[PDB]
Each structure stands twice: as C-alpha cells, then as structure tokens.
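Student: Chains as they are written, first to last, in the deposited numbering: chain 1G, 64 to 91, 94 to 122; chain JA, 1 to 39, 47 to 439; chain JB, 1 to 430; chain 2N, 1 to 280; chain 3C, 201 to 300. A virtual CB, placed ideally from N, CA and C, is assigned to each residue, including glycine.
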Ligand SMILES: Nc1nc2c(ncn2[C@@H]2O[C@H](COP(=O)(O)OP(=O)(O)OP(=O)(O)O)[C@@H](O)[C@H]2O)c(=O)[nH]1
Ligand SMILES: Nc1nc2c(ncn2[C@@H]2O[C@H](COP(=O)(O)OP(=O)(O)O)[C@@H](O)[C@H]2O)c(=O)[nH]1
Ligand SMILES: [Mg+2]
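(1) Run through the stretch 313 to 363 of chain JA for me and flag every whole alpha helix (DSSP H) of 4 or more residues, listed as ranges in chain order.
(2) Quick check: does the Cβ of residue 160 (chain 2N) come within less than 8 Å of any heavy atom belonging to ligand 3?
(3) Report yes or no: is there a C-beta of chain 3C within less than 9 Å of the C-beta of residue 32 (chain 2N)?
(4) Along chain JA, in chain order, which residues have C-beta atoms closer than 7 Å to that of residue 252 (chain JB)?
(5) How would you label residue 394 (chain JB), buried or exposed, when you count the other beta carbons within 10 angstroms and need 16 or more for buried?
(6) Is the stretch 138 to 148 of chain JA touching the stretch 183 to 191 of chain JA in the sense that three or more CB pairs, one from each, lie closer than 8 Å?
(7) With contact counted as at least three CB pairs below 8 Å, one residue from each stretch, are the stretch 7 to 26 of chain JB and the stretch 242 to 257 of chain JB in contact?
(8) State the CB to CB distance for the pair residue 200 (chain 2N) and residue 188 (chain 2N), rounded to an integer number of angstroms; the pair is presumed to be in contact (CB under 8 Å).
(9) Could you list which residues in chain JB have their beta carbon closer than 8 Å to that of residue 232 (chain 3C), in chain order?
(10) Quick one: give me the first and last residue of the beta strand (DSSP E) that residue 317 (chain JB) is part of.
(11) Within 10 angstroms of the Cβ of residue 366 (chain JB), are there 16 or more other Cβ atoms? Answer buried if so, exposed if not.
(12) Under 5 Å, CB to any heavy atom of ligand 3. Which residues pass, going along the chain?
(13) Cα-Cα, which of 389 (chain JB), 341 (chain JB) and 110 (chain JB) is closest to residue 372 (chain JB)?
(14) Measure the CB-CB distance between residue 82 (chain 2N) and residue 100 (chain 2N) and report whether it falls below 9 Å.
(15) Please report how far the alpha carbon of residue 198 (chain 2N) lies from the alpha carbon of residue 191 (chain 2N), in whole angstroms.
(16) In terms of residue numbering, what span does the alpha helix (DSSP H) encompassing residue 71 (chain JB) cover?
(17) Whole angstroms is fine: what's the gap from residue 34 (chain JB)'s alpha carbon to residue 43 (chain JB)'s?
(18) Output, in chain order, the set of chain JB residues within a Cβ distance shorter than 8 Å of residue 20 (chain 2N).
(19) If I'm right that residue 97 (chain JA) touches residue 2 (chain JB) with Cβ under 8 Å, what's the distance once you round it to whole angstroms?
(20) Flag residue 288 (chain 3C) as yes if its beta-carbon sits less than 9 Å from any beta-carbon of chain 2N, otherwise no.
(21) How would you list, in chain order, the residues of chain JB whose beta-carbon sits under 8 Å from the beta-carbon of residue 320 (chain 2N)?
(22) Who are the Cβ neighbours of residue 233 (chain 2N) in its own chain at under 8 Å, not counting the five residues just before and after it?
(23) Distance cutoff 9 Å, beta carbons only. Does residue 323 (chain JB) sit that close to anything in chain JA?
(24) Within the continuous beta strand (DSSP E) that includes residue 8 (chain JA), where are the two ends?
(25) Is DSSP giving residue 275 (chain 3C) helix, strand or coil here?
(26) I'd like the list of long-range same chain contacts for residue 345 (chain JB), defined as Cβ closer than 8 Å, with 5 residues on each side in sequence excluded.
(27) Let me confirm a value: residue 80 (chain JB) is counted as buried when at least 16 other C-beta atoms fall within 10 Å, else exposed. Which label applies?
(28) Any beta carbon from chain 2N within less than 9 Å of residue 77 (chain 1G)'s own beta carbon?
(29) Go to residue 239 (chain JB), then tell me how far its alpha helix (DSSP H) extends in each direction, as first and last residue.
(30) So which of 356 (chain JA), 399 (chain JA), 404 (chain JA) and 133 (chain JA) has the shortest CA-CA distance to residue 261 (chain JB)?
(31) What would DSSP say about residue 209 (chain JA), mapped onto helix, strand or coil?
(32) Report, in whole angstroms, the separation of the C-beta atoms of residue 154 (chain JB) and residue 117 (chain JB), which I expect to be a contact under 8 Å.
(33) State the DSSP-derived secondary structure class of residue 373 (chain JA), mapped to helix, strand or coil.
(34) For residue 168 (chain JA), name the three-state secondary structure that DSSP assigns.
(35) Have a look at the DSSP bridge pairing and note the partners of residue 206 (chain 2N).
(36) Could you pull the start and end residues of the beta strand (DSSP E) that residue 53 (chain JA) belongs to?
So, in structure tokens, the structure goes:
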C-alpha cells in the first residue's frame with residue numbers, strides 16, 4: 064500500500080485520529098482569546114467603571 | 001498631633017483597607033507614589056519622611072500571599088512600607104483553631120513588634136481601627152489574638168471594630184457559624200466599639216438607590232470607605248462642632264457589656280438623578296433613619312433606641328440639624344428607651360464629601376453618617392445561635408477543630424455567654 | 001509556595017496524568033521543550049506550584065510515573081509532551097502484575113516501593129512549603145490498585161499533616177474488562193477509607209454518556225474522556241494558582257465539605273459542556289451555568305444524584321464575574337431543591353471565584369459535592385463480590401501469595417459498615 | 001424522534017442521523033487548518049524550509065597546481081567510507097554551550113551543508129598563503145548557513161560527556177574561539193612523519209588531521225546514525241593505532257630510536273581526503 | 201584623554217556584577233530572573249540586545265555602571281564589533297564561565 068506520508072497527518076487532523084485537537088471540544094468565529102484580568106489589576110489603577118467589566122461583549 | 005493606627009487582617013480587611021486608603025490618599029491629594037504635587048490636615052493618616060513621600064500608619068496581615076503581593080505588584084507599590092505587609096505561609100482554611108492557637112502564635116509577635124515600632128513614632132495616639140472578616144479562619148483567628156494582646160499591651164487606648172458578620176441567607180461558607188460565635192466571645196470583653204458590616208444589607212441598598220443590578224465587592228468596599236471617612240473627618244477638617252473618637256465610648260455605650268451598634272449612610276444617589284433632587288438637610292436626615300437604609304440587616308422597629316450619634320459634613324446649619332431632630336422626636340414609628348431622655352450627639356464638619364472618579368456616587372454638597380445603639384441587634388444573635396446549635400447538636404465538623412489542638416469544652420462557654428448577652432439586651436429593654 | 005506533587009500509577013493513571021500535564025502546560029504557556037513562551041506575567045508568579053526549576057531556561061514538572069510494565073511509560077515518553085518529565089522519575093518493573101491485587105501489593109510491590117518512596121521523599125523535601133498530594137490510578141486494575149495504595153499507606157504513615165487527594169476510576173458493571181475486578185476493587189477501597197483525605201470517583205460509563213448526550217460526537221476514544229478528567233482536575237486548583245476575589249484552597253475545601261471523618265467520598269462535574277453545533281448559539285451566564293451544573297445527567301459518576309440527598313457541595317467559579325448573581329443562584333437552587341438537601345445543616349454549598357477563565361472560555365465552573373447517592377456503586381460492587389466469592393471462584397490465584405480469606409471478609413464487612421453509616425444520615429432527622 | 005447511532009451508518013453526505021454534528025465538526029477541522037496556515041506554524045511548512053536552505057547551491061573554489069591555500073572552500077572526504085563530511089545545524093548536542101553535531105554522508109554532490117572553509121587561526125612565520133605540514137588552522141562554516149561564524153571543536157573525554165554512539169572522543173560544531181579550534185595536517189607513511197614538516201600540502205592525496213590539545217586523529221566508524229536526511233555515519237577523534245606492541249623504551253635506552261618518530265602504524269579509518277573544484 | 205579602562209578594573213567590575221546576582225533568591229535561580237527582564241522588554245523578540253538596554257538592564261538590578269566602564273565591558277564581551285550582543289552569550293559569559 065502506498066499510503067503517502069502527507070495523507071497520514073491529513074487524516075489524523077481531519078479524519079478521526081485517535082485523539083482530540085487541543086481542547087477545541089470544550090471551546091465556547095475563532096476562539097483562542099487567552100483572556101485575563103482581575104478586579105484589583107484594573108479597577109483600582111486603570112480606574113474602570115465597576116459595571117463596565119463582565120459585560121460579555 | 002492626633003493620629004490613629006489602622007489594622008487590616010483577613011481577606012475582607014485587606015480588600016476594604018485598600019479602598020479606604022485609596023480614598024484617603026485621593027482626598028488628601030497624595031499621589032499613588034506617595035508624594036504631594038505641591039502645586047497639617049494629614050497627620051492623622053500619614054507621617055512625613057522628612058523629605059519625600061508620606062507613609063501610611065497602617066498594617067496589613069494575611070497568611071496567604073495572594074492578596075498581599077497583588078498590592079505589591081499594583082500601582083501602590085511605592086506607597087506602603089515594604090516590611091509592614093505581613094504575609095504568611097499557609098492559609099487558615101476557614102478554621103478558628105489554626106488562626107488562634109497554632110499558626111498565629113509565630114506571626115502575632117512580628118505584628119506586635121511592627122505595631123510597637125509604628126506607635127513609637129506617633130506622639131499623640133488617639134485609638135485603634137481594626138477591619139476583619141469574622142466568617143473566615145485567619146480573620147477571626149488573628150483578630151481575636153491581636154485584640155487579646157493589645158488589651159494587655161496598651162490597655163486604656165480605645166479600639167473600634169468594623170466587623171463583617173454573615174448574612175441570614177446570603178452566605179458563602181458552611182462552617183462559618185462555628186468560628187463566628189467564638190470571635191464574638193473574644194471581642195465582647197476587649198473591643199470598645201463594634202459596628203455591623205454584613206453584605207446583604209448593602210446589596211439591597213445598591214439596587215434601591217444606585218440602580219445597580221450586577222454589583223461586586225468593589226461597590227461594597229467604597230461605601231465602607233465613605234463611612235470611615237465621614238466618621239474620621241472631624242479629626243482632620245474644621246467644623247462647627249468637632250467630635251473626637253473619645254466621645255464614642257462616652258456617648259454611645261450605656262453599659263460596658265452593651266457596645267454593639269449599627270450604622271446607616273445617606274444620601275446615596277447616582278450621577279444622573281442628582282440634579283433633579285432637592286437634597287436638603289431634612290430629606291437626608293429622614294433617609295438615614297429609614298429601616299431599609301441601614302448598613303446592617305436588622306429592623307429597628309423591633310427594638311428601642313439607646314443612643315445615636317450623627318455627624319454632618321458640608322455646609323449644614325444648626326437650624327437645619329435641630330429642625331430635623333425635632334421632627335424625628337415628634338414622629339411616632341421611631342421610639343427611644345425611657346431611661347434615656349436625650350439621645351443625640353451631633354458633630355459638624357465643614358468639608359464636603361470627596362467623590363472618587365470612576366465610582367457610582369455623585370458629587371453632593373451635604374451628607375450625614377450616623378451610628379445607632381439599639382436593642383434590635385439581639386435578633387441577629389438569636390438567628391446565629393439557632394443555626395449554631397441546630398448543627399452542633401450532632402457534633403458535626405467538630406473533629407476539624409479538636410484534632411488541631413482545640414479543647415472541645417470551649418464551645419460550652421461560647422454558647423452560654425451569647426445567651427447571657429441576649430438576655431442582657433432583653434432585660435435592658437424593659438420599662439421601669 | 002504551597003506546591004503540590006503528583007503521583008500516578010497504572011495505565012489509567014499514566015494517561016490521566018499525561019493529559020492533565022498537557023492541559024496545564026497549555027494553560028501556563030509551556031512549550032513542549034519546557035520553555036516559557038507566554039504573554040502575561042500572571043503565568044510566572046505561581047509557576048512553582050506545578051513545575052520545578054532547572055538550568056537552561058526550562059521548567060520541569062514534579063511528577064512521578066510508576067508502574068510494573070514499561071509499555072505505557074515507554075509509549076508516553078515518545079508521545080507528545082513526553083519530554084517534559086525527567087527520565088529519572090520513570091520507574092518500571094520487568095514482570096508486570098497480571099491484574100492481581102496480591103501481586104501488586106505484596107510480592108513485587110514490596111520490593112519496588114523503595115525507589116518510588118525515595119523519589120517522592122526527595123521531591124517532598126525539595127520544596128520549602130509542601131501543601132499535599134494528588135493521585136490518579138484505577139481500582140479495577142492490579143498494579144495500580146495494589147501498588148499505588150501501598151504507596152498511599154506508606155506516605156500517610158510518613159506525613160500525617162499533609163493532605164492527599166485521589167482521583168480514582170472504579171469498575172462499572174455495565175462494561176466489564178476483567179472478570180476479577182470486584183476482588184481488587186473491594187481490597188483497594190478497604191485501604192482508602194482510612195488514608196485518603198479526599199476521594200473523587202470517576203466512571204467510564206458516565207463519561208461515555210456525557211460524550212453521547214452532551215457533546216453528541218459519533219466516534220469517541222479515551223482521549224476525550226482524558227481531556228474531560230483533566231479539565232475537571234485543572235478546575236480544582238484555579239483559585240490556588242490565580243488571583244481572585246475569594247480564594248479557596250484544598251484544605252478549605254476539605255474542612256468545608258467533610259462533616260465526618262468517614263465521609264470523604266465526593267462526586268464531581270464540569271460546566272459548560274455543549275455540542276460543537278450550538279457552541280455559539282447559547283448565552284454563557286450565571287443562571288445558565290448554575291442550572292446546567294446541578295443537572296443529574298451531567299455528573300462524572302454513574303450514581304443517580306436525585307435518589308439521595310446532598311450533604312455539602314462546592315462550586316469553583318472562574319472568570320470575571322459578580323458575587324450577587326452567584327450567591328442568589330446558590331440560594332435559589334437550595335431553596336427550590338429543599339427536598340434534595342439535608343435539613344440539619346444550613347447553607348451547605350460553597351462558592352469561590354477565580355478571575356482567570358480557561359482557554360477558549362469566558363466562564364467556567366467546577367462542581368464537587370458529597371451526597372448519599374454514592375453508595376449505589378458500593379452496593380452493586382458488594383453484591384457482585386458476594387456472588388463471585390460465595391463460590392470461591394478464582395481465589396487460588398490470590399491465595400497463592402499468602403493472602404487469606406479473612407482479610408477479604410474484613411474488607412467486605414468494612415464496606416458494609418461504611419454503606420450503612422453512610423445511608424443512615426439520609427434518613428437521620430433532627 | 002429522529003435517533004442517532006442506528007447500527008450501520010453512511011458518510012456525512014447523507015442525512016441518516018447526527019449528520020449536522022459531524023459536518024460542523026468536519027468544517028471546523030478545515031478552519032483550524034486554515035488558522036494553522038494563517039500563522040507560520042504548520043508542521044508541513046517547516047520541513048520545506050529545512051529542505052530548501054540545506055540543499056542550496058554553492059560554487060566550489062578551484063585549486064591551482066593542486067595546492068590548497070587559505071580562504072578556499074573545499075570538500076572533506078573520508079576514503080574509508082568514500083563519503084564526505086556534513087553538519088546538521090538542526091540537531092543540537094547536549095551541552096550548556098550551543099554546539100551541533102557532524103556526520104559523514106555517502107553522496108558526494110556538492111551542497112551548502114557539506115561546503116566548508118579554512119582560515120588562519122593565528123599568525124605564523126609562513127607568510128605564504130600555501131599551507132605547510134604541521135601548521136595550525138581552524139575550520140569554518142559557510143556564512144550562508146549561519147550568520148555567526150562556526151568552528152569545528154572537540155572537548156576532552158569524560159564519563160559525563162561522550163559520543164552518543166561511538167562512546168569515544170566526540171566532535172561538534174561550536175562557537176568557541178579557543179585553542180580547541182586548532183587543527184594540523186599529517187601524512188600517511190609512518191617513515192615520512194618527521195621529514196615532511198614544513199612541506200606544502202597538496203590536494204587529491206590522502207592526508208591525516210590531528211587535534212593539537214588532544215593529539216587525537218579525526219576519523220569515522222561504521223556505526224548507524226540517523227537524522228532528518230536519511231541514514232548516515234558518525235565522525236569523531238580516536239587513535240586507531242596497531243595493537244601489537246613494540247619494546248620502545250628499550251630503543252631509547254639503547255639509543256636507536258627517538259620519541260618524535262612513531263613506531264606504530266594506523267588503519268585507514270583515520271585517513272581523509274581533500275577535494276577541490278574540478279573546473280576553474 | 202584622562203585614562204583608558206584597564207583589564208584589571210574590568211575584572212573587578214565583572215566580579216562585582218557576578219557576585220550581586222548570587223545574593224538574590226537561590227542558587228538555581230537568577231537565570232530566569234535575568235531572562236524574564238529580557239522577555240519583558242524585547243518587543244521585536246529577535247534575541248538581539250543593544251547597548252542602551254545594557255544601561256537600562258543594569259539600572260534595574262541595582263548596578264549603576266558608569267558609561268565609560270559599561271562601554272569597556274560591552275566592547276570586551278563582543279567580537280562581532282556590530283554593537284549588538286546576543287542575550288544567551290551574555291548569560292553564558294556572566295554565569296557559566298570557569299574563569300573570572
Ligand atoms: N463585604 C465584603 N466581604 C468580604 C470581602 N472579602 C471577603 N469577605 C468576607 O469574608 C468571608 C470569607 O472569608 P475571607 O475574608 O475571604 O477569608 P479570611 O477572613 O481571610 O479567612 P481564611 O479564608 O481562612 O483565609 C466571606 O463570607 C465574606 O463575607 C469583600 O471584599 N467585601
Ligand atoms: N478513563 C480511562 N479509563 C481507562 C483508560 N485505560 C483503561 N481504562 C479503564 O481501566 C480498566 C482496566 O484497568 P487496567 O489497565 O487493568 O489498570 P492497570 O493495570 O493498573 O493499568 C478498563 O476497564 C478501562 O475501562 C484511560 O486511558 N482512560
Ligand atoms: Mg481568607
């Protein structure tokens with residue numbers, strides 16, 4: 064059987080390789098968005114309105 | 001010449017001291033780095056370094072580095088003294104035994120030495136101000152231990168306590184009824200003044216007044232900062248009638264065992280509705296005495312009134328102050344105890360309230376803060392004791408305490424003293 | 001600072017540990033070569049909790065891989081993220097266990113325990129302020145259920161004050177991989193009740209139901225189950241690793257969730273889980289998260305939670321949030337499900353807030369609860385054990401290495417005692 | 001009541017059941033592939049980058065009258081393996097200093113990887129550009145492979161650091177500027193060791209290469225080794241002297257021989273070749 | 201010219217800096233301490249370090265080196281003569297060097 068090498072990564076990436084791709088099953094147009102900010106990190110110094118945070122959008 | 005020393009222990013204490021000191025520096029015009037722009048009304052909270060910044064007369068305590076180092080990394084890193092932010096090694100984990108008997112022993116001595124060093128610099132020390140969380144392990148633990156040590160170390164110096172008790176239905180932890188009771192016993196004989204600072208009572212105030220449907224702890228702390236500033240502005244700003252902290256343990260506690268009081272603050276308005284409201288002295292005085300406006304989840308209509316002290320700031324007039332007091336006395340739904348014919352101590356300050364940018368409160372020309380001693384506080388103790396015993400009957404969660412080095416019999420006197428206090432409050436309310 | 005060491009044994013333990021280390025490396029921005037390449041400073045001030053520090057600008061996990069057969073560890077070495085672990089922490093035997101509790105606990109476990117004890121001890125005094133332990137293994141297997149439990153006993157003897165947590169996957173009658181699972185399951189669970197400070201149960205059938213009903217994916221493997229378990233793990237110590245409004249650590253959770261010393265068995269769950277179709281079609285918010293958290297079919301254990309009553313529960317909220325809605329939802333659900341909560345304790349649910357949402361998410365919650373519904377699995381495994389032991393079937397393999405039937409009798413008697421004293425609180429009234 | 005997983009199933013093209021979930025899952029896999037194409041981190045794109053830059057072209061310097069001189073680009077070949085030496089930058093040796101291994105490759109086609117330069121390590125009395133026997137020099141890599149100049153060095157034998165396969169004195173390409181980069185040329189015939197000192201070295205003849213701080217002759221052995229470009233063999237430094245011993249101390253005690261002239265032959269594994277350009 | 205910086209005082213300076221790092225935190229540490237600052241300000245993430253950064257870097261770790269002395273040690277460290285010093289080479293020279 065030929066089974067050329069490129070087909071191997073192509074199928075394991077698209078045709079059900081025996082894994083899952085980097086937590087994308089748990090995801091949520095494109096979701097990487099490593100998002101971080103604490104209450105004191107911004108509210109006390111950046112002076113952000115206490116209603117303005119959260120506010121999903 | 002007159003200075004006060006602030007103590008902040010526990011997560012709640014740290015997170016309220018942060019806001020209070022932010023408001024203090026903003027009000028006094030001190031930059032976050034600690035230096036005045038320069039483009047003697049600050050000795051009460053800051054001490055000159057001879058040439059340079061102002062350093063606060065405050066100390067921070069916690070057995071976890073999470074809250075402490077965040078302040079160290081924040082914009083206030085140059086303001087606080089590096090060695091007076093005490094950080095521990097292990098969290099108390101909501102346990103009274105650890106914070107009072109095992110791990111607080113080697114940390115309290117360092118705190119005592121730091122307080123010694125801080126107080127030696129001061130020459131006209133007035134009193135103490137402690138902020139602690141009761142429903143927490145290290146909050147109730149060290150606070151009790153520090154109060155015990157202070158009461159024998161300094162003695163006659165007055166101390167005022169702003170404690171956060173658990174709310175009736177608003178709650179986070181499950182083992183909070185246990186360590187809440189013990190801290191009350193510890194502070195009963197050692198704290199001259201105690202103020203209730205529960206969370207639910209402020210939660211409803213926000214929705215009713217500021218129309219805030221999604222509040223967080225930041226709104227909670229800023230209001231308490233306003234309360235502290237309105238309480239202590241008499242020391243550092245001029246006014247018609249100056250009131251020291253001395254006329255608190257002299258005008259509000261008829262008996263030594265009766266020193267639990269609760270406060271209220273008015274006006275509480277947003278930035279949009281400020282321009283459409285009269286906001287005269289009569290209205291703000293009436294709003295303070297409204298039962299729903301109280302800072303503690305307790306209805307005064309179930310008890311009498313023993314002594315109330317209210318402090319006015321801004322451009323108030325004695326005529327307006329006296330006129331509202333007469334109407335309050337005339338109106339019926341508020342009642343006083345028979346053996347106290349006069350029950351008002353009023354102080355006047357000329358400085359208008361200082362508003363922090365980015366907050367919810369609007370700029371106002373007048374405000375009033377009052378502290379009331381009533382007999383209705385026995386209700387919150389009644390519901391706390393019931394919750395305590397209802398699960399203490401089966402001795403649940405006790406092994407977490409006794410196995411750390413705690414005597415089982417300690418709960419025995421913690422129960423009986425609280426009942427004695429409840430019946431003291433009940434007996435005081437009977438008429439002659 | 002209050003760092004925790006990781007121990008894993010058996011094939012299941014190795015896979016869970018590998019997936020957990022991959023997830024935590026992704027969270028902390030750790031390269032497969034061990035070099036930090038993140039964007040924030042918030043991923044460094046607490047990096048010592050899970051990763052030790054070495055020369056060359058690299059970080060190394062403080063994990064120990066322990067087993068009697070080198071196949072699984074040799075595979076994970078060549079697998080992705082297999083270069084993070086130090087080769088010195090790889091300890092293996094040349095014989096195996098054959099899925100036998102006696103072999104895993106007495107014959108080869110006794111002679112092999114010395115090396116793993118030495119490495120865990122040196123790692124223990126490596127850190128200045130130890131916090132506790134966390135274990136992954138399978139009670140239905142031989143080598144894991146025996147030798148890991150022997151290590152549990154030894155480490156509990158050595159360190160009485162430190163915490164220890166177990167994430168144990170237990171056999172399920174619906175799918176049977178081995179015909180002697182009840183034997184070593186009972187023998188192992190006999191030894192956890194007195195040693196493990198925290199015990200958290202995981203069921204392969206429960207995870208399969210989650211995959212078929214919520215994720216709605218047609219072709220599952222063990223990898224997605226491993227990822228789900230790893231997410232559940234990483235949710236536990238989020239408050240310890242990151243700043244927030246209300247920090248709660250392992251011992252706070254223990255003292256707040258353990259009413260009595262013999263009731264340290266918990267159920268776990270994770271939210272939000274959705275199929276890939278409707279990922280962008282639902283709102284991530286406090287009411288929706290708290291409503292999906294308490295779903296009966298969302299639990300990680302095959303036990304049905306509405307057949308019992310909750311003793312205590314804990315929720316570990318993640319992401320920038322507000323306390324009012326969290327606590328109001330807690331109170332509302334507690335009031336609405338008063339029949340499913342024990343009456344002689346008030347406000348038996350704990351909420352904590354961490355301000356760092358996970359990868360690819362804005363809000364997330366990890367739920368740990370203690371309820372009297374856990375005993376169903378103990379009942380079923382005890383029934384199978386009694387049925388298979390009354391005929392003394394397959395007992396010669398166990399007794400050929402010095403094992404005696406009396407210790408099996410003691411194990412089943414202790415199981416029955418625990419079941420009785422665990423179910424009596426359901427009917428106990430003030 | 002449309003149910004899924006009903007025994008046998010067709011592909012996602014049909015609408016038997018659960019087709020939307022797999023189609024949506026299949027769609028996102030390509031989108032993730034597109035994102036991996038958007039950011040330069042494709043596993044595919046990496047291997048052409050190493051393919052093109054390693055297999056680049058280069059012009060080999062021609063040698064006049066068969067005499068090598070400083071500044072040339074020359075080939076290094078081992079006659080025992082009939083193969084030329086090469087350097088793999090992508091493979092990093094296990095050391096605090098950043099050094100790269102070198103292997104000998106059977107193919108003789110001139111490539112950038114196997115192109116090398118020689119340069120005057122430090123000033124010598126021989127002002128002429130023609131190299132004489134026993135003159136110190138350092139090997140350098142072509143500037144296009146790496147912007148930093150790289151040299152061929154070898155550190156002493158140690159149980160800590162040794163060859164991966166040969167287990168003997170190991171060689172590596174390192175940025176070290178020290179004396180370790182010094183090498184000297186050496187003859188084959190055991191009788192003409194001491195005579196050929198100071199004589200010009202020619203190209204196309206066999207020759208030996210010796211390290212100065214260690215006096216170990218560079219060589220290669222038939223031990224399997226693998227990297228990105230197929231299977232190859234390793235190179236190292238070792239003295240492959242004859243096993244039979246000679247009563248040499250007796251020779252000086254009587255007074256027949258001298259230390260400088262060696263009394264032991266060596267095998268052809270140490271022998272190497274210098275190959276220059278065929279056309280000018 | 202008043203004087204030219206000599207190898208003697210260059211060795212003195214490099215010894216002073218090398219000992220100052222050791223005092224901070226622990227022995228296995230201080231390499232990540234040096235690296236995290238370069239991660240903090242190397243925006244173009246190319247790994248090339250400049251002379252102006254050297255002054256800024258040493259200002260951070262409590263070593264205000266004189267500009268003349270800083271130039272001498274900077275010049276002595278690099279042989280490329282391009283005015284740019286590789287960060288990993290600098291770390292190697294400061295830490296992993298058998299001789300002063
Ligand atoms: N109003 C208000 N209360 C707070 C705040 N932070 C903590 N609390 C109170 O503190 C209680 C929990 O204990 P913590 O203060 O967080 O912790 P602790 O007092 O330091 O005790 P340990 O948890 O053992 O460290 C909660 O029930 C809150 O009522 C805050 O920012 N605002
Ligand atoms: N969740 C999960 N379960 C597994 C995995 N591998 C095996 N199992 C389960 O473990 C059981 C067999 O355990 P076994 O391999 O004998 O345990 P060991 O001998 O200690 O490695 C089977 O019933 C499987 O369902 C895995 O990677 N993940
Ligand atoms: Mg706390």
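Tutor: In short, the structure shows the following:
(1) 325 to 337
(2) Working through the fourth chain from its first residue, we reach residue 160 (chain 2N) at position 160. No, the beta carbon of residue 160 (chain 2N) sits no closer than 8 Å to any heavy atom of ligand 3.
(3) Here residue 32 (chain 2N) corresponds to residue number 32 of the fourth chain, with the count starting at 1. No, residue 32 (chain 2N) lies away from the interface with chain 3C (no Cβ there is under 9 Å from its Cβ).
(4) Translated into positions along the third chain, residue 252 (chain JB) becomes position 252. Chain JA residues near residue 252 (chain JB): 98, 100 and 101.
(5) Residue numbering aside, residue 394 (chain JB) sits at position 394 when the third chain is read from its first letter. Exposed, by the Cβ-count rule.
(6) yes
(7) Using a Cβ-Cβ distance cut-off of 8 Å, the stretch 7 to 26 of chain JB and the stretch 242 to 257 of chain JB are not in contact, since fewer than three pairs of beta carbons, one from each stretch, lie closer than that value.
(8) The residue you call residue 200 (chain 2N) lines up with position 200 of the fourth chain. The residue you call residue 188 (chain 2N) lines up with position 188 of the fourth chain. Your pair residue 200 (chain 2N) and residue 188 (chain 2N) does not check out as a contact, with CB atoms roughly 16 Å apart and the cut at 8 Å.
(9) For the purposes of this step, residue 232 (chain 3C) is taken as the residue at position 32 of the fifth chain. Ordered by position in chain JB, the residues that pass the 8 Å Cβ test against residue 232 (chain 3C) are 53 and 57.
(10) Taking the third chain and counting its residues from 1, one reaches residue 317 (chain JB) at position 317. 310 to 318 is the span of the beta strand (DSSP E), which, as asked, contains residue 317 (chain JB).
(11) Working through the third chain from its first residue, we reach residue 366 (chain JB) at position 366. Label assigned to residue 366 (chain JB): buried.
(12) 11 (chain JA) and 143 (chain JA)
(13) Within the third chain, residue 372 (chain JB) is the residue found at index 372, counting from 1. Ranking the options by Cα distance to residue 372 (chain JB), first place goes to 341 (chain JB).
(14) Locating residue 82 (chain 2N) in the fourth chain gives position 82, where the first residue counts as 1. Locating residue 100 (chain 2N) in the fourth chain gives position 100, where the first residue counts as 1. Residue 82 (chain 2N) is not a Cβ neighbour of residue 100 (chain 2N), given a cutoff of 9 Å.
(15) On the fourth chain, residue 198 (chain 2N) is found 198 positions in, with the first residue counted as 1. On the fourth chain, residue 191 (chain 2N) is found 191 positions in, with the first residue counted as 1. Those two C-alpha atoms are separated by around 16 Å.
(16) On the third chain, residue 71 (chain JB) is found 71 positions in, with the first residue counted as 1. 70 to 78 is the extent of the alpha helix (DSSP H) around residue 71 (chain JB).
(17) Within the third chain, numbered from 1, the residue matching residue 34 (chain JB) stands at position 34. Within the third chain, numbered from 1, the residue matching residue 43 (chain JB) stands at position 43. One C-alpha to the other measures close to 14 Å.
(18) Reading the fourth chain from its first residue, position 20 is the one you call residue 20 (chain 2N). Under the 8 Å cutoff, chain JB gives 277.
(19) As a working mapping, residue 97 (chain JA) is identified with position 90 in the second chain. As a working mapping, residue 2 (chain JB) is identified with position 2 in the third chain. So it is a contact: roughly 7 Å between Cβ atoms.
(20) By 1-based counting over the fifth chain, the position of residue 288 (chain 3C) is 88. Residue 288 (chain 3C) counts as touching chain 2N.
(21) Chain 2N is shown from 1 up to 280; residue 320 (chain 2N) falls before or after that span and cannot be answered.
(22) For the purposes of this step, residue 233 (chain 2N) is taken as residue 233 along the fourth chain, with counting starting at 1. 81, 83, 103, 104, 220, 221, 222, 223, 224 and 225.
(23) Against the third chain, residue 323 (chain JB) aligns to sequence position 323. Output row for residue 323 (chain JB): interface = yes.
(24) The residue given as residue 8 (chain JA) occupies position 8 in the second chain. Unbroken beta strand (DSSP E) run through residue 8 (chain JA): 3 to 9.
(25) By one-based count along the fifth chain, residue 275 (chain 3C) stands at place 75. Helix.
(26) Here residue 345 (chain JB) refers to the residue found at position 345 when the third chain is read from its first residue. The beta carbon of residue 345 (chain JB) is closer than 8 Å to those of 259, 311 and 312 in its chain, skipping five residues each way along the sequence.
(27) Counting from one through the third chain, the residue named residue 80 (chain JB) turns up at place 80. With fewer than 16 Cβ atoms within 10 Å of its Cβ, residue 80 (chain JB) is classed as exposed.
(28) Counting from one through the first chain, the residue named residue 77 (chain 1G) turns up at place 14. Judged by the 9 Å Cβ criterion, residue 77 (chain 1G) is in contact with chain 2N.
(29) The residue you call residue 239 (chain JB) lines up with position 239 of the third chain. In the DSSP annotation of this structure, the continuous segment of the alpha helix (DSSP H) that includes residue 239 (chain JB) starts and ends at 238 to 241.
(30) To locate residue 261 (chain JB), count along the third chain from 1; it is residue 261. Closest by alpha carbon: 404 (chain JA).
(31) In the second chain, the residue the question calls residue 209 (chain JA) occupies position 202. Of the three classes helix, strand and coil, the one that applies to residue 209 (chain JA) here is helix, per DSSP.
(32) Position 154 of the third chain, counting from 1, holds the residue named residue 154 (chain JB). Position 117 of the third chain, counting from 1, holds the residue named residue 117 (chain JB). Going by Cβ atoms, the distance from residue 154 (chain JB) to residue 117 (chain JB) rounds to 6 Å, so yes, they are a contact pair.
(33) Taking the second chain and counting its residues from 1, one reaches residue 373 (chain JA) at position 366. The answer is strand: DSSP assigns residue 373 (chain JA) an E or B state.
(34) The sequence position of residue 168 (chain JA) within the second chain is 161, counting from 1. Strand, per DSSP.
(35) Reading the fourth chain from its first residue, position 206 is the one you call residue 206 (chain 2N). According to DSSP, residue 206 (chain 2N) bridges with 273 (chain 2N).
(36) Locating residue 53 (chain JA) in the second chain gives position 46, counting from the first residue. Taken as a continuous stretch (DSSP letters only), the beta strand (DSSP E) holding residue 53 (chain JA) covers 53 to 55.
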